[PDB]
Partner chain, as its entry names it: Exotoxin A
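Take a look at this one chain, the form deposited without the partner chain, written out in structure tokens.
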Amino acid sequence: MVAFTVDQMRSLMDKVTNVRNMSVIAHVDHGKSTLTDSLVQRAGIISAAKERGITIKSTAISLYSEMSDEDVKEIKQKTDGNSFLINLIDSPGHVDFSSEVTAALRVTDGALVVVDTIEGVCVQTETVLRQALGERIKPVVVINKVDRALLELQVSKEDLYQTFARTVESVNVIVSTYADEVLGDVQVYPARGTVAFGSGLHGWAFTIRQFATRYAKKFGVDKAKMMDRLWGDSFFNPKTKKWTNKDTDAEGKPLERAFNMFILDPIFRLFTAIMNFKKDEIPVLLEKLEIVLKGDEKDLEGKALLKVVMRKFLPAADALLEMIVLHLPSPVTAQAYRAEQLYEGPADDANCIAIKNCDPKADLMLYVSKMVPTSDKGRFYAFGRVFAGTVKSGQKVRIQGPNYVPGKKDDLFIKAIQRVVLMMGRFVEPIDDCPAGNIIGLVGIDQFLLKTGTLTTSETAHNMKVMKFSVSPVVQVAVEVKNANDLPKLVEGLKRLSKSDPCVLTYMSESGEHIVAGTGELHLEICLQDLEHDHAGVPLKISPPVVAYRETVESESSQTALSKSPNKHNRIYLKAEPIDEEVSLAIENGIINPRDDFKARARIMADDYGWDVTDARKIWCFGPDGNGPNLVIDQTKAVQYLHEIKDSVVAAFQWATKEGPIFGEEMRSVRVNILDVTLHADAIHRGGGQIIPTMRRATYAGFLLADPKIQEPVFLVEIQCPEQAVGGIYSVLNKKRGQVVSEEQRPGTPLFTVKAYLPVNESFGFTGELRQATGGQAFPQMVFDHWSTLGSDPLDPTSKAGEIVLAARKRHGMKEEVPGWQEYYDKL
């Protein structure tokens, strides 16, 4: 549109009182693009001077505009000259709530909210506006698609007005409701020229002020008052030739409002005449309004003409530009009431002040809004705003991350800025510097600032409103080699991955699978990628990690269990019953140890865990692995060669409990009581290969008679997030048998710390699903917490648990049926 040299741009960048950092806030289909596009063609700036080339993803655009000596006097705000530099920063239309959006606005001071003439203000509209308000962004309105109502609906004039009327009122509800008391009445007033009406597709729009001036010069009145009248309850009676503050002429008759008589009328008459082909009235009407056509335009018809005559009548572009310049704040103005909020430090601090003043001579205070993709071979550029001091190419800056703390040296990076550039839509342009108050990009920060961050030149500097990260590994899957022979390389490469990525984690699952875990899904992504193509460079099959379970019993076996050796000579009679959870834990945590003296040990189980004191000294072993939470207590009476079979009964128990009868999982909280034992006179028939199997079977039998169940692992998740999104937590948690434990708020500033239990086998995907429910606001952090017995029957293929088992057996190539106890029991 207009081309400027790089110097010209720096000159404009010097008068920051004539700059406007804004964006366009709008609903999903309200003309946000046809409208900004309209502006761009009118005022868009372009690079002056104009296999190999460079490009960046559009993130901002620059518009230039000159005003009239008079229009610059209505600017109730420190100005400097007839010129202006508008910054049209792009914002995410459809992206989740608070992350992509919040960050973008933060570098804007004003907004241009687009509302629809028919649908009025919808949810999203009200949502982003509330968002913008939160950061104290002043709103200015534009009701769009006024053409739909004029054609399709055929609406009246007072009908339409009333619409505009409402739409304005709702917006003013949201305004007052979320506006900082200290900022004053930011409510939009059509009569004050802060609300524009028009059609972005047709190309026309208008503010009341534009009409209040048209009529102001001709008939000789000051517009101050002509504006107040041209909207609301002010009527002008042709007859009385005077105005009134009541909608009824003395005689009791209804009059026509000004807005309708002086604004809408002219318009309506033009539609109706050109849209009905009244080739005789068009000429006289156009003449009357002072709309001159040129050349072949004189012979247009219908829609073709409505657009020409309408765009000449009220160029959408000038209405928008008006409001922008005359009502939206400049940095100098906004950075004064927006300084505290954007600074996380002392509101009296040296820097926090250089923001308010928007002083380019203070200590650098540049905020990075986001990292933008570019054709420069995988390099990203930093897009942000210079809030204080000034940036320079090759400058030495202190890059502070989201965790950085003034004292502590974490997230801090004392590197230098390669180049400072202009982000002109899809193109960039190098410059020498950029003072406080502007929008610029930075090349060479890539690797030190992932996303949001603050750049400073002061060592006693604080960070600007920062965004929190997820830094614990949580996203994990099971990695395995496709050709068994590559195993050595998979292993080889897992130590390679770890040695390079300090934010990755690798380990062996209880169920023997190698495991890769990472920060986010994107992180795991890059990780598994490199692993298979460089670290290990071997084909791998990635999958959800297999969960381990615990086979346990619910009560004392309904009946005694019997089992005879394959000698038909020796028999064993036992029963199984549950061990208490507080106890099982004690065994697990080593408070009750099989290696500790019977002295200390006997004491603890009697004097601290209710165990009958005699019991303590008749346990033969804990298991599996000699020290697990399962006991074999000897309750026999007159077995001659008892002490003779002990060593065997033990090795049998250490086997049974390592791989239970349900599906081979480890048993937990299982206490086996041997009620009696009968042996053969000779030791030649009570050997190992005779007793071991007897006990193995015997135990299984008692076990299944004891109302079997299974225990599932359970995580203990911790979450941090803003008060509003604490809803998503409970939202998703419910869809996964979750359970909120505690909800504590960190004193100081909003950020809740939700804590809950999460069934390990309901956690695949959780991290992602969380991002959604909270629009990228919360970040999880898991850890194993405990075992929990499932209520359902493990031998009923259809029950919850029973499905868990079933699939398991199929995965192992075992029978789908779980051999009931009868299979192990040997009746007398």
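C-alpha atoms forming the largest set that superposes within 1.5 Å between two forms make up the rigid core. Residue numbers count along the first chain shown, from 1.
We do not show the form deposited with the partner chain bound, though everything after this point is about it.
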Would you check, heavy atoms only and a 4.5 Å threshold, whether residue 238 touches the partner chain in the bound PDB entry? no
Flag residue 697 as yes or no: does it have a non-hydrogen atom within 4.5 angstroms of any non-hydrogen atom of the partner chain in the bound PDB entry? yes
Looking in the bound PDB entry, any heavy atom of residue 313 within 4.5 Å of the partner chain? no
So, in the bound PDB entry, is residue 233 in contact with the partner chain at a 4.5 angstroms heavy atom limit? no
Exactly one listed stretch (636-644, 295-303, 510-518, 467-475) reaches within 4.5 angstroms of the partner chain in the bound PDB entry by non-hydrogen atoms, and it is 510-518
Option touching the partner chain, based on a heavy atom within 4.5 Å in the bound PDB entry, out of 285, 504, 692, 494: 692
Residue (of 722, 134, 688, 594) lying close to the partner chain in the bound PDB entry, criterion heavy atoms within 4.5 Å: 688
Conformational change between this form and the one not shown, one of 141, 107, 645, 382, C-alpha moving 2 Å or more after core fit: 645
After core superposition, I'd like to know whether residue 36 moves between this form and the one not shown (criterion: C-alpha shift of 2 angstroms or more). no
Threshold 2 Å Cα movement between this form and the one not shown for residue 726, core superposed: yes
Residue 348: Cα shift of 2 Å or greater between this form and the one not shown (core-aligned): no
Since the C-alpha distance between residue 507 and residue 450 changes by 3 Å or more in the bound PDB entry, give its direction relative to the shown form: closer or farther. closer
Between the shown chain and the other structure, the Cα gap of residue 380 to residue 501 differs by 3 Å or more. Is it closer or farther in the bound PDB entry? closer
